[PDB]
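> Mind having a look at this structure? Questions to follow.
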Ligand SMILES: N[C@@H](CCC(=O)N[C@@H](CSSC[C@H](NC(=O)CC[C@H](N)C(=O)O)C(=O)NCC(=O)O)C(=O)NCC(=O)O)C(=O)O
C-alpha cells in the first residue's frame, strides 16, 4: 500500500497485496461477526420452514460450487506466497457458512434475507475492485477469480427474489422482500389506490399477527402478575422486560445513523480540499462525490428503520396499555374505584396511553443528542481553534431558555385547556335549552358570556404566541448564532487564524446538524417528565385490590344460601349487612323489605360478589340475572340491548317484549326495537330503561334473578302488568328463583318468602300470611305507610387573518430567507479573499457585515413568528364570533335538522385546530418551502449546469407528493374516527361493570374492546408507514441532488474558486431534511384548512327575521291591553295550524284544549314567531307581529314552558341574564313566587350556583324559578304550558296575573275549567270558541 498507484495516479489501482488481503477479509469477516448474532433472530423469531423450491436449491448448489472453486485455489497453491494459502481457505470457509446460512434460513422460514443480501453486495463490490485490477493487469489463478465473480453475481441476483411462503388484505409486511421492506414499496399499492378512489375501512389490511391485541395484552398481563407475585411493584420494570427486546434494535439503527450523518461534513471537507488543491487527479472528486451519495442515502435507509421500530413499539405499548387497563377495570373492587373518577379512568387511555406512544418516537434520543453534540464538538474543535467554547457558550445559554419556555407553556397550556373545557359545557347548555333561550330572547345575553370566556382563553393563547415565537427563533437562528459566535471569536482572537471554506462551510454543515439535537432535547426532557406522572397513574390503577373470585360460591345446577354472612362496602368501613342468614329454595319468589338505607340493594350486591365479604358463606346456585336499580343501557339498538349478545329467538323475544309492556315504547320509538337507545342515541325515560333492563334479564334466561327494584319508575298499572307476566308465579318465570327488592305492598301477598330487614340485619323473615300473623317487624313495616381542498378556503383564512398581517408575514419571512442566502454568500466571499501576509485584510468589515446580516435575521424570524400567531388569534376570534352569531341568529328548525353533536364538535374540535394547529403548521410549511427554494437557488446559481436535474426530480416530487396527500388525508381521518369509539366503549363498560360481572359476559366485552382498538391500529399503522414511504422516496431526491450539486462542482472545478462548492454542498445537505417536511406539512395543512370551511358552513343558511327592525319598532308600552287576534292564521310544519280566526280580549283568561297532534303548542310558537306564518296576520292590539323584530315581541311576551330550563350560574342570572331589573324587583318577584323562604336559605343569597339544568334544585323549585322569571318580566301577554307543586303554580298564576292576558295549554282539564273562553283544537281547526259554561 503506497500512494503512488492508489491515490496520486490517474488510474486508481489497488495494490496486489491489498487486493488479496483486505478486499477478501471484508466480506468473509462480515458474515463471521453477523453469523452468531443472526442465530438469536433466527431462533427467537420462527415462521415454519419453506418448501423445497428450485430457487432455494439453486442458491445452495451455487454455494457448494463457490466453496469448491475457492478451495480449488488452495489446491493449485498446494501444487509460495503466504497469502495464497490463508485467503482461499478463509474464503471457502466463510462460503461454507453462507450456504449453511441459506439452508438454516430455509429451515427457519425467512422468504427474503437482509444479511444474505448485504453480504453478497459487499462481496460483489470487493470482487469488482479486484476484477477491474485483474482486467487492467492483462489464466492460472485469474480464471478462478472470474468464475468466483460470476457465481457471486448470480448468487446476488438470486438473493433478491423472495422465496415461497411457509382473511384477505393480509399485511404485505409478511410477504415483502427485504429490498422492498427498506424502501417500503409494499404500501405503494395503497398509495395509488389512495388517489384514484377514496379509502374506506373495508380496504385497510388486517393487522399483522404480532401487533394484534391478543398477542401483546396477555404478555403484559403475565409480566405484571409476575411482578406483583414478586411484590414495590414497578411498571417501568415490567414495561422494560416486555417492550425492551424489540426497542433494543433501535439503538443499533440510531448509532449507525449518527455516525453516518457526520460523514457528510467530513467528505465535504475532503471535497473542499480537492477543489482548492489543484493538479490533483480528477477521478478523486468523482470518488468523493460518490461517497456523498452512498453514505447519505444509506443514512436514510438506516434512519427510516429506527423510526419504524420506535413507532411500532409505541403502538404496541398503546395497544397493551389499553387492554391491560380494560382487563383490570372489570375486577377492581368498588371501594377502590370510588377513589378514581369515571372520566379519569378513561383518561388512562385517552391521554395517558397516548403519551407513551408520543414519547416512544424520541425517547431514544436522550443519549443520541448528547452523542451528536459531543461528536460534533470534537469534529469542529479540530476544524477551527478553541473558539468552540464560544459556540458552546451560545449552546449553554440556549438550552436552558428552551427548557424554561417549555415548562412555562405546559402550565398555561393546561390553563388554556381548562378554559376551553369550561366554555364547552356552557356551549352544551346553549344547545340544550335553545328553545326556551330563544323564547325569552336570551341569545344576546349568553353570547356575551361565551365571548367573555373566549377572551379569557384568548389572552392565554396570546401569551403562548410569545413563547412559540422564541421557540421558532431558537429552532431557526441557533445554528447561525453558534456559527457567528465561533467565527467571531476565532477570526479576532489573533492574526494567524484565518477562515477558509474547509474551516467555514464544514463547520456550517456541523452547526446545521447540531441544530436538531439541541432544540429537541428540551422537548424530550419535558415529555419524559410528563410521562413520569402518567406512569405513576398507570401503576396506581394497575396495583388496586382485585375482586375475590371465590367469595361467593357459584355452584352449577337451597338455590341461594347465606349463613352468618357480614359484608362491607370497603375494607375499613363498618359492615352494611350484619349477620345475614337466609335460604331461598329453587323457583321461589322472595321480596326484600325495609326502609330507605336499610340494606336491601346491598343484599343483591352481596349475592353478586360486589360487596366486600368480611365473613360468612354464600352459595348462589346457577346463573344470575341482575336487574340493577340504576338501569344500564348500551348504546346499541334496543334489540341488542334485550338480546345482550345472545342468539335471537323470535318467539322468546316476542314473548319477552310485551310481557314487560315494551310494545307501546317500541311503537313510540322511531325505528321500533332497532332504534339506537342510550345516551348518544334517543333518550329514554327511566321507566322505559327499567323495562329494557328487565327484558334483557328475562331473555338471558337465568335460574336466579336479582331484581333490585325493577318497578321503581314504572307506573302502577304497568308495574302490576309486569309483575303479572314476568315476576308473578303465573308469569313467564314460573320455574325461576326470583329475589326482588321492593318497597311496594301491592304484590307482597303473592310473594312466597318475605325477607324483611332493618339496619342491615335479618329481621324475622317469613311468608306474608305468617309474618302478618306474627304481628312484629313486618306489621310495623306495613303500618309505616372527499376531494382536493379548494384554494378559496385558503383565501377565506387569509381574509379572516387580515390582509395586512398576511402580507407582512410573507414579506418579512422572505426577508429572512433573503438575508440568509446573502449572509452565506457573504461567507463565500469571505472564504475567497487573498491571504497576503497571512492575514485577512478585510476581516473587520466582513465580520461586521456578516454579524449585521445575521442580526437582521434575528429580527425577521421573530417578526414572522409574531405575525402568524397574532394573526392566528385574530382569525380565531373573528371565526368564533361569526360562527356564534350565525348559530344564534338562526331558527329552531335546523336545530332539529342539524344534530347537536355536529355543532358541539364544531365549537370544540374545529376551533381547536384553527387557533392551536394551523398557526404552527403554516409556520413550518412556509418555513420549509423557501428553505428548499432558497437552497435550490444557491445550488443552481453556483453551478448553472445543475438545472437539467430539476425536470426529472420535479416529476418524482410531484407524483410522490400527490399520492401521499391523496392517501394520507384519509388514513388519519379513518384513524381519528375509530379512536373515540374505544374510549366510548370503555366508558360504557365502566358504567355497567356490575351488570357485566353478573351476566358473566366479561369475555365478549373484553374481545369487543380489543377488536375496537385493533380497528384503530388498522388505520394507525398505515399512517405511520406512509410517513416512512414519503420520507424515504423524497430523501433520495434530496440525496441525488447532493450528488449532482457536487458532481457539477467537480467537473467544473477550474471555473470555480473553492468558495461555491462548499456552499452548494452544504446547502444541498440540509435539503434532505427540509424536503420531507415541506410535503408532510403540505398534507397536514390541507386537513387543517378544511376546519375553516367547516367553521364557515353555517354562514350560508336561512336565518330568523331581524331581532330589531328599528324602522317599525313598537312603543314602550306595546301590549297596551294585550288584545290578541289570530286573523286567518296558518302555520306550515301539511298545515298543523289552519283557518284560525280567534280574538282574545285584553286581560281575558283564555285556555287551549286539544289532544295530541292538535295545534295547541304550535299556537304558542305562532305568538313568539318561532316558525314564520305560512298564511296569517296575528296582530297584538293595533300592531302586526310579523312586522315587529323578534327580540321586541319576545321581550314583550312571556312563556312558561313544559320543562323550565335552569342555566348554569347564579339564580339572579337565571332570572335576569341582562341584570336589567333591580335587586328589589328580583326580591319582590321571588317572594311573589312562593320562593322567598327557599331563596333566602342558600348561603350565596341570590348567587346560588345551580348546576347544569338545576340538578341540585328540585323540579318544583325550577318550575317556580321559571314562574319568577315570568313574573319579573312584567308583561301583559303570558303563555302557560302545563304537563305536586301544581296547586302552588296554579294559585300563583291565578293570584296577580289576572291583569294580564294569559293563554294556557294544559293536558289536564281540571285547571283549564277555571279559565273562561276555552278554545278547543281538533286538528288545527277551531272546534269550539266560547266560555266553558257554553262548552257544557
Ligand atoms: N438528527 C436527527 C434527525 C431527525 C430526522 O431527520 N427526522 C426528524 C424530522 S424533523 S421533526 C422536528 C419538528 N420541529 C419543528 O419543525 C418545529 C420547529 C419550531 N417549533 C417552529 O415552529 O418553527 C417536530 O417537532 N417534530 C415532531 C412532530 O413530528 O410533531 C423527525 O424527528 N422525524 C419525525 C417523523 O418523521 O415522524 C436524528 O438523530 O435522527
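Cβ atoms come from the backbone with ideal geometry, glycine included; neighbour counts cover every protein chain shown. The values are calculated or read from the model by the stated rules, or taken from the named source; no laboratory read-out is quoted.
> Does the stretch 920-967 hold any residues that are more than 30 Å from residue 805 (Cβ to Cβ) and within 14 Å of the ligand (Cβ to nearest atom), and which are they?
964 - this is the single residue of the stretch 920-967 that is more than 30 Å from residue 805 (Cβ to Cβ) and within 14 Å of the ligand (Cβ to nearest atom).
> Next up: Given (1) more than 30 Å from residue 967 (Cα to Cα); (2) within 16 Å of the ligand (Cβ to nearest atom), identify the lone condition not met by residue 1077.
Of everything listed in (1) more than 30 Å from residue 967 (Cα to Cα); (2) within 16 Å of the ligand (Cβ to nearest atom), residue 1077 misses just condition (1).
> Just for helices (runs of 4 or more DSSP H) wholly inside the stretch 1192-1242: which have at least 3 residues that are in contact with a strand residue (DSSP E or B) (Cβ under 7 Å, 6 or more places away or on another chain), surrounded by fewer than 21 Cβ atoms within 10 Å (Cβ to Cβ) and assigned by TED's automatic domain parsing to the domain that holds residue 1301?
Output list is empty.
> Under 9 Å between Cβ atoms, which residue pairs at least 6 apart in sequence (or on different chains) link something in the stretch 251-269 that is farther than 19 Å from residue 384 by Cβ and in the same structural domain as residue 380 (by TED's automatic domain parsing) with a partner that is outside any helix (DSSP H, G or I) and within 13 Å of the ligand (Cβ to nearest atom)?
251/367; 254/367
> Right, another one. Please go through the stretch 94-116 and pick out each residue that is buried (at least 16 other Cβ atoms within 10 Å of the Cβ) and within 16 Å of residue 66 (Cβ to Cβ).
Of everything in the stretch 94-116, those that are buried (at least 16 other Cβ atoms within 10 Å of the Cβ) and within 16 Å of residue 66 (Cβ to Cβ) turn out to be 94, 95, 96, 97, 98, 99, 101, 102, 116.
> Among the numbered criteria (1) more than 18 Å from residue 948 (Cβ to Cβ); (2) surrounded by fewer than 21 Cβ atoms within 10 Å (Cβ to Cβ); (3) within 16 Å of the ligand (Cβ to nearest atom), which single criterion is violated by residue 1025?
Among (1) more than 18 Å from residue 948 (Cβ to Cβ); (2) surrounded by fewer than 21 Cβ atoms within 10 Å (Cβ to Cβ); (3) within 16 Å of the ligand (Cβ to nearest atom), residue 1025 violates only (2).
> Might you check whether a residue that is within 30 Å of residue 700 (Cβ to Cβ) and out of contact with any helix residue (DSSP H, G or I) (no Cβ under 9 Å at 6 or more places or on another chain) occurs anywhere in the stretch 762-774?
Among the residues of the stretch 762-774, at least one is within 30 Å of residue 700 (Cβ to Cβ) and out of contact with any helix residue (DSSP H, G or I) (no Cβ under 9 Å at 6 or more places or on another chain), which makes the answer yes.
> Looking at (1) more than 15 Å from residue 307 (Cβ to Cβ); (2) within 14 Å of the ligand (Cβ to nearest atom); (3) surrounded by fewer than 24 Cβ atoms within 10 Å (Cβ to Cβ), find the lone condition where residue 1032 falls short.
(1)
> I've got another one for you. With respect to residue 384, is the statement that it is more than 16 Å from the ligand (Cβ to nearest atom) and closer than 22 Å to residue 508 by Cβ true?
Yes; evaluated as a whole, the condition is true for this residue.
> Right, something else. Can you report the number of residues in the stretch 1248-1273 which are surrounded by fewer than 16 Cβ atoms within 10 Å (Cβ to Cβ) and touching a strand residue (DSSP E or B) at 6+ places or on another chain (Cβ under 9 Å)?
So the answer is 2.
> If you don't mind, another one. Could you grab me the full set of residues in the stretch 301-331 that are outside any helix (DSSP H, G or I) and either buried (at least 21 other Cβ atoms within 10 Å of the Cβ) or in contact with a helix residue (DSSP H, G or I) (Cβ under 7 Å, 6 or more places away or on another chain) (or both)?
330
> Okay, moving on. Restricting the search to the stretch 1122-1172, which residues are in a loop (DSSP other than H, G, I, E, B) and farther than 28 Å from residue 1297 by Cα?
1133, 1134, 1157, 1172
> Still on this structure, I have one more. Against the definition (assigned to a helix (DSSP H, G or I), within 14 Å of the ligand (Cβ to nearest atom), surrounded by fewer than 19 Cβ atoms within 10 Å (Cβ to Cβ) and in the same structural domain as residue 258 (by TED's automatic domain parsing)), how does residue 361 come out, yes or no?
Against the criterion (assigned to a helix (DSSP H, G or I), within 14 Å of the ligand (Cβ to nearest atom), surrounded by fewer than 19 Cβ atoms within 10 Å (Cβ to Cβ) and in the same structural domain as residue 258 (by TED's automatic domain parsing)), residue 361 qualifies.
Conditions (1) within 16 Å of the ligand (Cβ to nearest atom); (2) over 30 Å from residue 314 (Cα atoms); (3) touching a strand residue (DSSP E or B) at 6+ places or on another chain (Cβ under 8 Å), marked per residue:
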{"position": "378", "(1), (2), (3)": "no, yes, no"}
{"position": "396", "(1), (2), (3)": "no, yes, no"}
{"position": "399", "(1), (2), (3)": "yes, no, no"}
{"position": "409", "(1), (2), (3)": "yes, no, no"}
{"position": "418", "(1), (2), (3)": "no, no, no"}
{"position": "424", "(1), (2), (3)": "no, yes, no"}
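> Run down 273, 347 and say which single residue is more than 33 Å from the chain's Cα centre (by Cα), surrounded by fewer than 19 Cβ atoms within 10 Å (Cβ to Cβ) and assigned to a helix (DSSP H, G or I).
Within the list 273, 347, the selection yields 273.
> If we keep just the residues of the stretch 231-265 that are more than 16 Å from the ligand (Cβ to nearest atom) and farther than 26 Å from residue 44 by Cα, which is farthest from the chain's Cα centre (by Cα)?
Out of the qualifying residues, it is 231.
> Look through 845, 849 and report the one residue that is part of a helix (DSSP H, G or I), surrounded by fewer than 16 Cβ atoms within 10 Å (Cβ to Cβ) and in the same structural domain as residue 930 (by TED's automatic domain parsing).
845
> Turning to a different aspect of this structure: Given the criteria under 53 Å from the mean Cα position of the chain (by Cα) and either part of a loop (DSSP other than H, G, I, E, B) or under 23 Å from residue 298 (Cβ atoms) (or both), does residue 80 qualify?
No.
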